[PDB]
Amino acid sequence: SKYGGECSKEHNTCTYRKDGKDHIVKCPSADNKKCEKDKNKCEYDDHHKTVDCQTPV
Ligand SMILES: [Cl-]
Ligand SMILES: [Cl-]
């Protein structure tokens, strides 16, 4: 139910892989969820319906 990707700092987006396709969604604007570092791990959680561009590492 979690789908991983990488984020764009410039666009504040997460590009994640799900069911063979790449999907681009905006990251949150929240301080500790936005894409802070370019190409950082992000995740779309399809169960909780959330995006985080500061996935714990
Ligand atoms: Cl695709
Ligand atoms: Cl969200």
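Chemist: Tell me about the overall build of the protein, and please be specific about residues and values.
Modeler: Across its full length, the protein holds zero helices and five strands. In the protein, the succession of α and β elements from N to C terminus is β-β-β-β-β. Relative to its length of 57 residues, the protein is compact, with a C-alpha radius of gyration of 10 Å against a globular reference of 10 Å. Seen through its C-alpha atoms, the protein measures out along the principal axes to roughly 25 × 20 × 20 Å. Residue burial in the protein is summarised as follows: out of 57 residues, 30% are buried. Pairs at least 24 apart in sequence give 39% of the contacts found in the protein among residues at least 6 apart. Of the roughly 4100 Å² of accessible surface on the protein, 46% is carried by carbon and sulfur atoms. Positive and negative side-chain charges of the protein, numbering 12 and 11 respectively, have mean locations separated by a distance of 1 Å.

Chemist: Residues and numbers for the pattern of salt bridges, please.
Modeler: According to the stated counting rule, one finds six salt bridges in the structure shown. The salt bridge partner of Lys39 is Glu6, with a shortest N-O separation of 3.0 Å. One end of the pair, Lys39, is in the loop between β3 (21-26) and β4 (41-45); the other, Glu6, is in strand β1 (residues 2-8), and 33 residues separate them in sequence. Note that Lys49 is salt-bridged to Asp46, the shortest N-O span being 3.3 Å. Note on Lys49: relative accessible area 55%, which makes it exposed.

What counts and what doesn't
- Residues numbered from 1 in each chain as written, not as in the entry; some residues may be left out.
- Chains lettered and ligands numbered in written order.
- Heavy atoms only, no water.
- Helix = DSSP H or I, 4+ residues; strand = E, 2+ residues; numbered from the N terminus.
- Rg over C-alpha atoms; globule rule 2.2 N^0.38 Å.
- Buried < 20%, exposed > 50% of the residue type's maximum accessible area, 1.4 Å probe, protein only.
- Contact = heavy atoms within 4.5 Å.
- Areas by Shrake-Rupley, 256 points an atom, 1.4 Å probe, with all protein chains shown as cover.
- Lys, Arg positive; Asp, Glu negative; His and termini not counted.
- Charge placed at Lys NZ, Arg CZ, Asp CG, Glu CD.
- Salt bridge = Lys/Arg side-chain N within 4 Å of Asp/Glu carboxyl O.

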